[PDB]
Amino acid sequence: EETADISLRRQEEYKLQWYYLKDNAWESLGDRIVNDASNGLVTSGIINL
Amino acid sequence: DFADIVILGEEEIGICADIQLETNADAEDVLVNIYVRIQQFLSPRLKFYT
Amino acid sequence: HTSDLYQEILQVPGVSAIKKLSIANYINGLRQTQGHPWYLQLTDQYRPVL
Amino acid sequence: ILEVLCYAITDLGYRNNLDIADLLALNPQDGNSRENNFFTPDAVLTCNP
Amino acid sequence: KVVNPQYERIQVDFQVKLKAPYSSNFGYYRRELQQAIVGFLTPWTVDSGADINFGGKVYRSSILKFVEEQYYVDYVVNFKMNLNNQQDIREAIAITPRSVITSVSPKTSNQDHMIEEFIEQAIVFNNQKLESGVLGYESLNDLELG
Amino acid sequence: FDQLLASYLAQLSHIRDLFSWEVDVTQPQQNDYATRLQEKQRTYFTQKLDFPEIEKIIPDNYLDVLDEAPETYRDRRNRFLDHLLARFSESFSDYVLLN
Amino acid sequence: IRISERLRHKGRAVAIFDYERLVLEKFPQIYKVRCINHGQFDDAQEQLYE
Amino acid sequence: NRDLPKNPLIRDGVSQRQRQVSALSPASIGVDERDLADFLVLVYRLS
């Protein structure tokens, strides 16, 4: 948790994005995440896909 | 410091509606209850405690 | 927002269904606008009442 | 006073366990007694062809 | 003669505002609400399902009441209802005496319920002033003394 | 205490008058319906006490203070008539022009 | 429920109320039913005559 | 295609849960429905 950049807070246009693979084509997972306790990989936690 | 003191006014909210009633109903009391509940919704007051 | 009134009018015993609902703004006894089915904007200096 | 009252209440509860056919009986000596509660099968279960 | 019914399908379309902290996961809660409306319009599939007809009609306000009761919803705007190519209806009536009302599904038809997010800063009002520039209708700062 | 015990038993003697279908009439008349007079238009019934030296303690007539208010009579009579109608699968609440 | 309904339709089907209640009692696997008066159904066309 | 007449009676059917009635259950009307306050009022008026 101590290794990140503290210059400015991550803006909203730069969220993380999740995909899954389907025979060389990538598809979005954005609407199938129930809970992300890591808050976008800033603290340790469980993401539920 | 304090620049000024301003007294607020008030607006009236007029409501137009078409309501379907149940068979065992009286429109008069129902409308009284509607007015009471809406007025309580819009302008709550605070309680003082011991 | 009209839904805040829709959900409370639906709580009175004897009310079956709401076929029509809209609201309008009055100041000094005169209608200020035409009204709107889903939301209404208030004036800066005034408190809403029924 | 308490004991006398409990004895009277026992009498009251005693009189509620008489058969329902006896609680609803009509007075044979009152000429003004009429049937005013029930209908008989001939008057309820029947219907014209 | 004893026969089987004829089914009609309903579609809805509205914009919604969620409560915090649910508002940060909108795409997940749009799916939870779509499946909830389908269960509402098919009371034979669920035990103790309640009825929606009042007389021979279904009203738009009874679906709006069910949406407003979900624990993650703040308010709804621009609610619309569709019945078999009829585009904006206040009350749905049976077409034939055999008609029975059900929901729209992407695997029995190719239509679903359309739900999008309401955004405050992008709002446009549709409400024209009855008068302008005269006494009784303007702030003191805007009286030009013509 | 005697008044409460006597009232309890008066409620047992008069069961058939809670479920009767009779029509309340104030002026005796022949209308081909079964009719009921003022002494039986009650949903609570009472008795007069009897003990030694009653005439010095409870004078001429005291039961008038025990009568139920007309609003209670109307409400309970209406509910009993509703219950008796319901046994034939019918109620007045389904007919708009009737109310 | 059963006996109060029978005391009204007498076990015979002459009206909308009678057709509906005689079915719901005998066949528990039905959820809802509707009786259509003076209407006929044509099997070959799948058309209902009103 | 032929413009046939319509049925002028508009209604819905009956479900299995709409066969319940509230007035039919014997719990709707009791023989003695009085509580403590009524007995206190009674003793006060009899005194």
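The chains carry the letters A, B, C, D, E, F, G and H, assigned in the order they are written, with residues numbered from 1 in each.
Quick note on the criterion: a residue touches a chain if its C-beta (ideal position, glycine included) is under 8 Å from a C-beta of that chain, and two chains touch if they have at least 3 such contacts.
Chemist: If every chain is reduced to the average of its C-alpha atoms, which one ends up farthest from chain E?
Modeler: D
Chemist: For chain F and chain H, what's the span in angstrom between their mean Cα positions?
Modeler: Centres of chain F and chain H (C-alpha means) sit 22 Å apart.
Chemist: From the mean C-alpha coordinate of chain C to that of chain H, what's the distance rounded to whole Å?
Modeler: Centre-to-centre distance between chain C and chain H: 34 Å.
Chemist: Taking the mean of the CA coordinates per chain, how far is chain E from chain G in Å?
Modeler: 35
Chemist: On chain H, where are the residues touching two or more other chains?
Modeler: Those would be 7, 12, 15, 21, 24.
Chemist: Two or more other chains touching the same residue: where does that happen in chain D?
Modeler: none
Chemist: Report the complete set of touching chain pairs.
Modeler: The complete list of chain pairs in contact reads A-E, B-C, B-F, C-E, D-F, D-G, E-G, E-H, F-G, F-H, G-H.
Chemist: Spell out the part of chain F that touches chain B in their complex, as residue ranges.
Modeler: 93-94, 96
Chemist: Any idea which chain H residues touch chain G in the complex?
Modeler: Going through chain H, the ones touching chain G are 4-7, 9, 12-16, 19-21, 24.
Chemist: Flag every residue of chain C that touches chain B in the complex, lowest number first.
Modeler: 4-5, 8-9, 11-27, 31, 35, 40, 42-43, 45-50
Chemist: Could you list, by residue number, the parts of chain B that touch chain F in their complex?
Modeler: Residues of chain B touching chain F: 23-24.
Chemist: What residues of chain E sit close enough to touch chain G in their complex?
Modeler: Residue positions touching the partner: 1, 3, 44, 96-98.
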